[PDB]
Amino acid sequence: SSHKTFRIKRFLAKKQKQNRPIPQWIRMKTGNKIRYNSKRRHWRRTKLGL
Amino acid sequence: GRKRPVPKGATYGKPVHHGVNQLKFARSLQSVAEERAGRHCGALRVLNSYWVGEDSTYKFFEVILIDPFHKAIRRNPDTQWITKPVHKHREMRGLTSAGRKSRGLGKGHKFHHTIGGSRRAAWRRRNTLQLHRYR
Amino acid sequence: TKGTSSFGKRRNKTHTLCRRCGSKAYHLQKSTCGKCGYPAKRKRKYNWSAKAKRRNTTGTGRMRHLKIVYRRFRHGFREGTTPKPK
Amino acid sequence: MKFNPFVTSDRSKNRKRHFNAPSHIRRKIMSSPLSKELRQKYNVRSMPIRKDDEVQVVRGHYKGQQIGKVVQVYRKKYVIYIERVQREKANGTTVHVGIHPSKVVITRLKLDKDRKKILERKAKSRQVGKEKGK
Amino acid sequence: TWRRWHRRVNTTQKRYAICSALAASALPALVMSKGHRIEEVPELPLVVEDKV
Amino acid sequence: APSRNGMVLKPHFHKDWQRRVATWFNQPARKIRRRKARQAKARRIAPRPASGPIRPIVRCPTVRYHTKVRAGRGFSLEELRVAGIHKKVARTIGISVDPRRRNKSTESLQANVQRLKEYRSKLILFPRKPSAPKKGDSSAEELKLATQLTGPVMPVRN
Amino acid sequence: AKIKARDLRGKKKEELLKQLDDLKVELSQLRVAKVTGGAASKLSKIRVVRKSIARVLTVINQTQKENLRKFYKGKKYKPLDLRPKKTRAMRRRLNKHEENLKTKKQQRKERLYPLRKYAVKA
RNA sequence: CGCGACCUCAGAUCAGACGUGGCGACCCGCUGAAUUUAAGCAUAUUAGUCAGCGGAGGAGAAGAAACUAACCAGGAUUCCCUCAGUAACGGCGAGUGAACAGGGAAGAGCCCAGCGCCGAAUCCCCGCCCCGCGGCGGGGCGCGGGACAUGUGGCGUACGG
RNA sequence: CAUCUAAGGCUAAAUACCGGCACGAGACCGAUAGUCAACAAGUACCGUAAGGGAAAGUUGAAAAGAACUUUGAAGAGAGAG
RNA sequence: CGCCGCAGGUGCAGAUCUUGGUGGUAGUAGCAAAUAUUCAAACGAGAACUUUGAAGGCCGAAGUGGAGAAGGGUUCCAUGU
RNA sequence: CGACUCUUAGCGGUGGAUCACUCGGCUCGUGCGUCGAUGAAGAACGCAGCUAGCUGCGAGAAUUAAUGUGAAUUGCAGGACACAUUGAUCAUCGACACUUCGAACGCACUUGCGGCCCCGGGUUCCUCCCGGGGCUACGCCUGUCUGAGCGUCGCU
Ligand SMILES: [Mg+2]
Ligand SMILES: [Mg+2]
Ligand SMILES: [Mg+2]
Ligand SMILES: [Mg+2]
Ligand SMILES: [Mg+2]
Ligand SMILES: [Mg+2]
Ligand SMILES: [Mg+2]
Ligand SMILES: [Mg+2]
Ligand SMILES: [Mg+2]
Ligand SMILES: [Mg+2]
Ligand SMILES: [Mg+2]
Ligand SMILES: [Mg+2]
Ligand SMILES: [Mg+2]
Ligand SMILES: [Mg+2]
Ligand SMILES: [Mg+2]
Ligand SMILES: [Mg+2]
Ligand SMILES: [Mg+2]
Ligand SMILES: [Mg+2]
Ligand SMILES: [Mg+2]
Ligand SMILES: [Mg+2]
Ligand SMILES: [Mg+2]
Ligand SMILES: [Mg+2]
Ligand SMILES: [Mg+2]
Ligand SMILES: [Mg+2]
Ligand SMILES: [Mg+2]
Ligand SMILES: [Mg+2]
Ligand SMILES: [Mg+2]
Ligand SMILES: [Mg+2]
Ligand SMILES: [Mg+2]
Ligand SMILES: [Mg+2]
Ligand SMILES: [Mg+2]
Ligand SMILES: [Mg+2]
Ligand SMILES: [Zn+2]
């Protein structure tokens, strides 16, 4: 909602920040083994914990 | 005595465990007094206690407590033992005189239940299957 | 109607985040965490759930202090001393 | 064989130590034999590989007597790069081919204060070892 | 883990097996049938001086 | 269900025995650790007997074992008095003393005080300060004759 | 042109704080260049300046702390951060003096009947 | 009718300390079932076990006899072998069930209260000086405070003193 | 007659150890096995919550990971390497 | 891997068996609740569905309109694919 | 003749069995056997030039110092680095530092609001405003200060 507490807004901030694709130069690292961000989240598909 | 704390006196089970009244605590009231003194004064050590009076509904005891960190206790041997970490909260483990009386400790034919140091010590030794390497 | 219709009416949260243990089990109307029992001084912990115990046991987090204690134990917890300067 | 009870002979453990070795002991692992002339001049046999010393490859596709100067010690990949040991890739550029340091011999050593001290220490320990065993 | 990994053998039987193994080690046919290449060995109960 | 002849067997396996099973795979390690501790202790008490103090001659109690004689906990106070040894000096010179044992006959009493005299004659008492000898022992008698005894001190025989 | 803590330690509080002010100004300019494009030279100088700030602050804090320890040396009560941080349990133990003092009765036992050294012949 | 002594209580963000909470495999104190077995089932069994609560330590607990025995007597506790699937318990059914002696691992003993004697000999805190910082101690001083005769310390504890 | 002296206190060793720190080993398992977890696993995700809980190893010695030409808007192809 | 011994978590068609994969069904059922679309042009490789204009309609102010609370948490807005 | 269908084989798909591998487990054993108001376990939020997770770390934030080592780190860039008017990296780790919750401690929290003592600024010291620093939990022991009582007394 529009009304929210500071703690909720800070929680939503971190989830927003970490919901981004991995860098392209990560794929070039040695012994990478990482294909794509497996922890991506979409607002409509998966709802946050709160 | 200890009334069993079940709602409406219902102890769901076999008739042998239907008892609510006439049940008795396994530790004496003197031990309970020592435990309540020790819990409140958690920074002190219970030493002993004694009876000072009673009426129909109350029993009164006086518990000797020691400050383990006072210098009159720390600098004196023959009383330094109470300051060791192993001796904190004796009254909650039945190590005082009142608490120990309820454990069935003793020497000889009357106290075979506690050969091993305690009732559980005896029970484990008697109920462990010693499977050696060569049988 | 107990099924789909009644699911539309749920919009009021029972639980929120807990300032201790950080789980969404803090019952608002009871003011008590259902996982740690926060307003109680002691952590809620039951031996009938060994799986739940090992989810939040020591070592599952960071051990900012304990990992230094184990390292300091290997030299006897020395303080006030420095290596011999070059 | 091995008698120290505190030293492991487990294959799985040894491979874990080798591939998770920190950099300062990767330097020891990435050692190279010295040439016969240097093995006579100094009383040392092997020496950890160095950035600016000259080697020659003794095994692989790049065997030969050509002396090439090391230009890179890639400790993470357990390889070293040498001057003309390179191949031409598709787009036309040239890239170095990683070569394990155990497959080269150091013909010239990039000498500084630390290198001279290490050579003296290794040689002195060898002299004590042959003195004990004489 | 309590699978009874160990067995106890009688001391008289364990000593018997030692005597049989020693007696068999003196017959060239039995040692050769173990494949031990005793072809130029001067004497099968091969005894060397105490200097060794 | 029984089947033809056999014993009536009563196994005591009705009580979840599997949660209390003592394996003995650490028995060889325990024997090594015990043997190491014995050797270290013997090194600690350098010339003193490794096994420990001298124990008295004691008869076994019941009618099954009274024909047999073994080692007791310590010499009684009556034994020490007639042997002429202080009950607090005995422990310092390696004699174990049992203050709660009393003698009932003069045969056991005299056998034990003769044992004390044998030990007291065999004892090599190092002077407290090795530079200054007061009353302990001659230098010749302790120069090399003082070796650490192994096994029980004068073992009790039947 | 880097900053080494070894040469920082001779300096005084006035110039150490001046050096901290200069480094902080430089870092704020580097953060400006970071958001305004700048260059990789200025972007990579951010870590260099940041470690230099930590180096100066470590020298300042170590100097002040060791001065405080010298000031409270020999005083009965020290601040809690100047006291040893062995372990909570190890700080509750009896100290070396009172772990090693004995009653006059036990002293008399050891005087009269000291443990002897002896050997028994076979 | 105020001033003091004591007693019993109270307040303080008083000076200096201590407790809390975690882990919890092992250890101690409680509390404590039912499934199950008995071919049903209620005593019994499961089991003083699971779950519940409290408290510790590197071990814990126990521990120097209000003991065992009945012998030509042994001699703190703890652990192993054995006693012994025994004595005994039990709808004497299903089932349960130790100890002593013996052989070993280890081995270590002791302290108060009381009764007494000694001019409270005793202890804590605070200052000042010196020797050292390593688990804060020593030494000296203070007609410096307090504790304590409603009993501190030394001798001394059943092995007698 | 024998035996001890309760209602106060301390005490190491031998003993225990599916949690922890650091090691060693194995007639064990070999990616549907072995821990739930060989991998960004108590993770992703599910439930209001208590709690439930996965799947998922392998290019090659070396990226030398296919420059360049050609059809297609590209995915994708044909040559070439 | 054979031979001599040793030791098993040692032999599968079934268990409405466990896990994974794959068929026939089958290019099948279906993509049928709330009246409705049409012309031209642009961009574009490509237009029933995008954009613009022209028509014809519907919601018909208790709206398919304009705003909020709870809930969601960046879905807001530009640019590009 | 074909289509369709069945069988067999070659080739190609789909699928991921088998086999080989193994920085993982499981089991046994050994030595230690160490948390916390000097603020633990746990949680949250932050910190990289390009960094989402894992990992590390705490506004000194993928680390400072010291010591040992002795030329790297690396996916790209940049930049030091006479390696002796001293040093990359890594390891060790004894110095320093360590945000907010949390036993969690001024009161309270799905919010927020005080009080006391100092310091700097607007004031141009007096107390209003802003900022900074230190305190302000409960229980309890010893001592201290201030006390209460038609409690027991003494003098009056
Ligand atoms: Mg939805
Ligand atoms: Mg019953
Ligand atoms: Mg319903
Ligand atoms: Mg509600
Ligand atoms: Mg005394
Ligand atoms: Mg105070
Ligand atoms: Mg606790
Ligand atoms: Mg039944
Ligand atoms: Mg039945
Ligand atoms: Mg039934
Ligand atoms: Mg339980
Ligand atoms: Mg104890
Ligand atoms: Mg005890
Ligand atoms: Mg006694
Ligand atoms: Mg029998
Ligand atoms: Mg029973
Ligand atoms: Mg022995
Ligand atoms: Mg007295
Ligand atoms: Mg496979
Ligand atoms: Mg698996
Ligand atoms: Mg496509
Ligand atoms: Mg099978
Ligand atoms: Mg099948
Ligand atoms: Mg159709
Ligand atoms: Mg249709
Ligand atoms: Mg209309
Ligand atoms: Mg609307
Ligand atoms: Mg939009
Ligand atoms: Mg195929
Ligand atoms: Mg550094
Ligand atoms: Mg509010
Ligand atoms: Mg009055
Ligand atoms: Zn919580």
Side-chain angles (χ1 to χ4, degrees), chain A residues 1 5 10 12 16 18 20 22-23 25 28-29 33 37 39 43, chain B residues 13 15-16 26-27 41-43 67 69-72 78 81 85-86 88-89 92-94 97 107-108 112 117-118 121, chain C residues 11 14-16 19-22 25 28 34 41 47-48 55-56 58 61 65-66 69-70 73 78 81-83, chain D residues 5-6 8 15-16 19-20 22-24 51 87 89-92 97-98 112-114, chain E residues 1, chain F residues 10 14 25-26 29 34 58-59 61-66 73 77 87 98-101 105, chain G residues 2 5 40-41 43-44 46 53-55 57-58 61-62 65 80-81 83 85 88 95-97 104:
Chain A
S1 59
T5 69
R10 201 191 45 225
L12 301 175
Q16 209 166 309
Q18 66 184 178
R20 69 167 290 276
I22 77 164
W25 48 270
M28 294 293 174
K29 277 166 85 154
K33 295 307 180 179
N37 202 13
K39 302 209 196 176
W43 57 273
Chain B
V16 59
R27 306 168 34 220
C41 318
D67 195 359
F69 287 82
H70 197 273
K71 273 313 164 178
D78 281 0
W81 60 272
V86 75
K88 58 173 81 157
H89 284 303
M92 292 175 187
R93 313 203 301 269
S97 183
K107 274 174 180 168
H112 288 158
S118 89
Chain C
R11 73 188 207 198
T14 294
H15 295 113
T16 194
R19 73 185 48 112
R20 183 179 77 190
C21 85
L28 288 149
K41 300 154 148 63
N47 295 325
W48 45 255
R55 263 174 212 132
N56 218 20
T58 310
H65 176 79
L66 272 193
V69 168
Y70 302 151
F73 172 80
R78 62 188 166 198
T81 180
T82 46
Chain D
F6 303 95
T8 175
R15 280 167 54 76
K16 192 177 164 55
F19 293 125
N20 297 60
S23 177
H24 87 282
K51 168 67 159 286
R87 88 191 317 285
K89 54 178 322 188
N91 42 53
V97 187
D112 50 54
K113 269 63 59 184
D114 295 289
Chain E
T1 45
Chain F
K10 294 211 185 284
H14 298 90
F25 303 124
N26 67 317
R34 270 173 178 161
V58 150
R59 206 154 279 271
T62 58
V63 76
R64 171 169 186 193
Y65 296 100
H66 60 75
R73 164 167 199 105
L77 299 193
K87 85 178 183 190
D98 189 8
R100 82 179 63 89
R101 173 159 87 80
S105 60
Chain G
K2 72 179 53 194
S41 306
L43 287 178
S44 304
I46 290 177
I53 287 163
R55 215 161 290 128
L57 286 173
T58 300
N61 280 127
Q62 282 182 328
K65 183 65 81 77
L80 296 172
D81 57 356
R83 296 176 187 190
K85 173 60 176 167
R88 173 174 179 123
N95 60 33
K96 197 166 183 291
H97 173 59
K104 195 183 162 188

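Chain naming here is simple, since letters A, B, ... match the order of the sequence lines and numbering starts at 1 in each.
As judged by a 4.0 angstrom heavy-atom cut-off over every strand, B:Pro85 is placed among residues touching the sugar-phosphate backbone only. Counting non-hydrogen atoms under 4.0 angstrom, B:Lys88 reaches the backbone sugars and phosphates but no base. Residue C:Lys41 is in sugar-phosphate contact alone, with no base atom involved, counting any heavy-atom pair closer than 4.0 Å across all strands shown. Counting non-hydrogen atoms under 4.0 angstrom, G:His97 reaches the backbone sugars and phosphates but no base. Looking at heavy-atom distances under 4.0 Å, A:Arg10 makes contact with sugar-phosphate atoms alone, never a base. When heavy atoms are screened at a 4.0 angstrom cut-off, G:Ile53 is found touching no nucleic acid atom at all. Heavy atoms of A:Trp25 sit under 4.0 angstrom from at least one base atom. Among the protein residues, B:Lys107 comes within range of the nucleic acid bases, having at least one heavy atom under 4.0 Å from a base atom. If you check every strand for non-hydrogen atoms under 4.0 Å, G:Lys65 touches sugar and phosphate atoms only. At the heavy-atom level, F:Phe25 lies under 4.0 Å from the strands shown only through sugar-phosphate atoms. Counting any heavy atom pair closer than 4.0 Å across all strands shown, G:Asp81 reaches no nucleic acid atom. Using a 4.0 Å heavy-atom cutoff across all strands shown, F:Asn26 reaches sugar-phosphate atoms only and no base atom. Contact annotation for F:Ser105: backbone-only contact, meaning every heavy-atom pair under 4.0 Å involves sugar-phosphate atoms and none involves a base. At the heavy-atom level, B:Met92 lies under 4.0 Å from base atoms of the strands shown.
Take the nearest nucleotide of RNA chain K for G:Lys2 and for G:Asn61: the residue whose nucleotide is more 5' is G:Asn61. Between B:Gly42 and B:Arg27, the residue whose closest nucleotide on RNA chain H is further toward the 5' end is B:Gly42. Of the residues near RNA chain H, C:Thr58 and B:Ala43, the one whose nearest nucleotide (by heavy atom distance) lies more toward the 5' end is B:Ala43.
For the pair A:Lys33 and I:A56, the criterion of a side-chain N or O lying under 4.0 Å from OP1 or OP2 is not met. Contact annotation: A:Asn37 side-chain N/O to I:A40 OP1/OP2 distance is not under 4.0 Å. Of the side-chain N and O atoms in A:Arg20, one or more sit less than 4.0 angstrom from OP1 or OP2 of K:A52. An OP1 or OP2 oxygen of H:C50 is reached within less than 4.0 angstrom by no side-chain nitrogen or oxygen of C:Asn47. D:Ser23 has a side-chain polar atom (N or O) that falls below the 4.0 Å cut-off from OP1 or OP2 of K:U73. When the side-chain nitrogen and oxygen atoms of C:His65 are compared with OP1 and OP2 of K:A40, none of them lie within a distance under 4.0 Å. Note on A:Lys39: every side-chain N or O is 4.0 Å or more away from OP1 and OP2 of K:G53.
With the cut-off at 3.5 Å for both distances, K:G114 forms no Watson-Crick or G-U wobble pair with K:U63. Pairing check for H:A105 against H:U78: the Watson-Crick or wobble criterion is satisfied, both distances under 3.5 Å. Judged by the 3.5 Å cutoff on both pairing distances, K:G15 and J:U75 do not qualify as a Watson-Crick or G-U wobble pair.
Across the strands present, H:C71 finds no partner; the criterion is a Watson-Crick or G-U wobble pair with both atom distances under 3.5 angstrom. Checking K:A97 for Watson-Crick or G-U wobble geometry (two distances, each under 3.5 Å) identifies no partner in any strand. Pairing for H:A5 is with K:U152, a Watson-Crick or G-U wobble pair whose two hydrogen-bonding atom distances lie under 3.5 Å. The pairing partner recorded for H:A99 is none, the criterion being a Watson-Crick or G-U wobble arrangement whose two distances lie under 3.5 angstrom. The partner of I:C23, taking Watson-Crick or G-U wobble pairs whose two distances both stay under 3.5 Å, is K:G29. Pair check for K:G39 finds none; no Watson-Crick or G-U wobble contact set falls under 3.5 Å. Checking K:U144 for Watson-Crick or G-U wobble geometry (two distances, each under 3.5 Å) identifies H:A12 as its partner. In this structure, K:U86 makes no Watson-Crick or G-U wobble pair, since no nucleotide meets both defining distances under 3.5 angstrom.
Residue side chain D:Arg87 does not reach the base of I:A62 through any donor-acceptor N/O pair under 3.5 Å, judged by distance alone. A donor N or O paired with an acceptor N or O is not found under 3.5 Å between the base of H:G109 and the side-chain atoms of F:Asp98. In this model, a side-chain donor or acceptor of F:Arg59 finds a partner on the base of H:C72 within 3.5 Å. Within 3.5 Å, no donor on the side chain of B:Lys71 pairs with an acceptor on the base of H:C124, nor the reverse. Judged by atom type and distance alone, C:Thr82 does not reach the base of K:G94 through any side-chain donor-acceptor pair under 3.5 Å. Taking only distance into account, the side chain of G:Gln62 never meets the base of K:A65 through a donor-acceptor pair shorter than 3.5 Å. At a cut-off of 3.5 angstrom, the base of I:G53 holds at least one donor-acceptor pair with the side chain of C:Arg55.
Base orientation for J:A40: anti, the chi torsion being more than 90° from 0. A syn base is found at K:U51: its glycosidic angle is within 90° of 0. Base orientation at K:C54 is anti, since its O4'-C1' glycosidic dihedral falls outside 90° of 0. With a glycosidic angle no further than 90° from 0, K:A59 counts as syn. Base orientation of K:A80: syn (glycosidic angle within 90° of 0).
With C1' as the reference atom, K:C130 and K:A97 are 30 Å apart, rounded to whole Å. Straight-line distance between the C1' atoms of H:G19 and H:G114: roughly 35 Å, to the nearest whole Å. I:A38 and J:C3 have their P atoms separated by 38 Å, given to the nearest Å.
C:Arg19 has its CZ atom 11 Å from the P atom of K:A108, to the nearest Å. B:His70 places its NE2 atom 17 Å from the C1' atom of H:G19, with the value rounded to the nearest Å.
In this structure, F:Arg101 and F:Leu77 have side chains that are not in contact, with every pair of non-hydrogen atoms separated by 4.5 Å or more. Looking only at side-chain heavy atoms (C-beta outward), C:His65 and C:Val69 come within less than 4.5 Å of each other. Residues F:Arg100 and F:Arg73 are in side-chain contact: their nearest non-hydrogen atoms beyond the backbone lie under 4.5 Å apart. With contacts defined as side-chain heavy-atom distances shorter than 4.5 Å, the pair C:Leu66/C:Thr58 qualifies.
Judged by centroid separation below 5.5 Å and plane tilt below 30°, B:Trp81 does not stack onto the base of I:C10. Stacking of C:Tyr70 onto the six-membered ring of I:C21 is not present when judged by under 5.5 angstrom between centres and under 30° between planes.
Between G:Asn95 and B:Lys71 the shortest heavy-atom distance is ND2-NZ, 4.5 Å.
If you check H:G52, H:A56, H:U31 against the side chain of B:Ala26, the one that comes closest is H:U31.
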